[PDB]
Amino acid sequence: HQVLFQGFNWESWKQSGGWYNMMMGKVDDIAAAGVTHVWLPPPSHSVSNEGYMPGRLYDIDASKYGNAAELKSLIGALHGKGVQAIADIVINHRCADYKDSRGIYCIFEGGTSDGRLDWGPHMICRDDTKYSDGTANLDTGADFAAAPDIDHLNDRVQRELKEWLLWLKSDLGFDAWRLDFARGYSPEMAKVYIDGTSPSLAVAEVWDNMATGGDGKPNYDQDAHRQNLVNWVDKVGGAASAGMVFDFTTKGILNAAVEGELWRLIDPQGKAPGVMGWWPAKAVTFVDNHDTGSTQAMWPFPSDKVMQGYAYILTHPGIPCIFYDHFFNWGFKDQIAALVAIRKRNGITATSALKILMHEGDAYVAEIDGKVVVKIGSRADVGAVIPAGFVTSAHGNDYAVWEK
């Protein structure tokens, strides 16, 4: 069994009294729901309030979310309930604190006394012309416009980040990683970090654009989009590695499928369209996150049908990741907690067998491990396909579950 939970949103840093201290009070609810891992925001000092433009990686106390004591305390309370902690690891880029003879901010400070992480421009991918001095290696991945991209091919970088990472685990208590902007560097570079710190897991945000049409909807076939995510996992180490990836394929598809087009939820081979259908054990599914959802809403889920969203991911193969806002702010707490119960109640896991039974434009029915059957759509009747011995269980707007 394994169920992740994103424990923040784009507005969390603003929490009065501190976000970690407020989370302290949500530990029981979260654990009693069935959650197994909680994803927490970048804990370090950041030029940006949300934590995504890290500067002094060791300076945990400069964090808008809370200091080391409140964080360690939040983590400990999580461990007390058997719930693991996942840190949002942001290393594709980093900001410099001091300028150099050129007047360019490119001399970094780790946040300690000694020289750790006190890099200079030699540590910036040379093709990031804006900050480098041209001595470094070429960026192994995509660039981040607003900050210096770190040259992960440099020996001291790899050794010093691996050090920082291990420290997060030992001193703070973090169990696993969430690799921010993983398309920012090579899967071979992520492998170095994942292998060098051996985390319970490491889900990477590898987010590329989906193939769309003239009208602006995703195409039915999303194999190239999911093949890229699968290839990342393969290059990262495949099954031998703790690496995994967010199912943006499923997120993208589902986002349009619940719009009266549930025929999208099944591919030609009859398997699940997203990464779920080809490598569920490596797929972390989700409805929304701090980017897609929240106050950033770059790709929000049809507001009006979020539960079908959870109906889907909470009952299907692949690793479900519940979003803080939906579990506390929207009011699906009980509905969602139930679905998880049903999931656990049957031992349904990432690799569970999926047998779809209906892909009508307005109705999707599928049987998982033959023990559970779910349904999302405006169609009021599909009993015709519900096997024998199943009794209506959880249910709500445009969705219903069955068990036998």
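The first residue of the shown sequence is 1; numbering continues from there.
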query	finding
Stretch with the higher entry mean CA B-factor, where the candidates are 45-53 and 364-372	364-372
Selected stretch [higher average CA B-factor]: 187-195 or 214-222	214-222
129, 289, 84, 140, ranked by C-alpha B-factor: the highest one	129
Top residue by Cα temperature factor, when 182, 321, 124, 265 are compared in the entry	265
Residue 401 - which third its CA temperature factor falls in, relative to the rest of the chain	highest
Ranked C-alpha temperature factor of residue 236 among modelled chain residues, by third	highest
Assigned third (lowest, middle, highest) for the C-alpha B factor of residue 176	lowest
Residue 384 - Cα temperature factor, lowest/middle/highest third of chain	highest
Residue 207, C-alpha B-factor rank within chain (lowest, middle or highest third)	middle
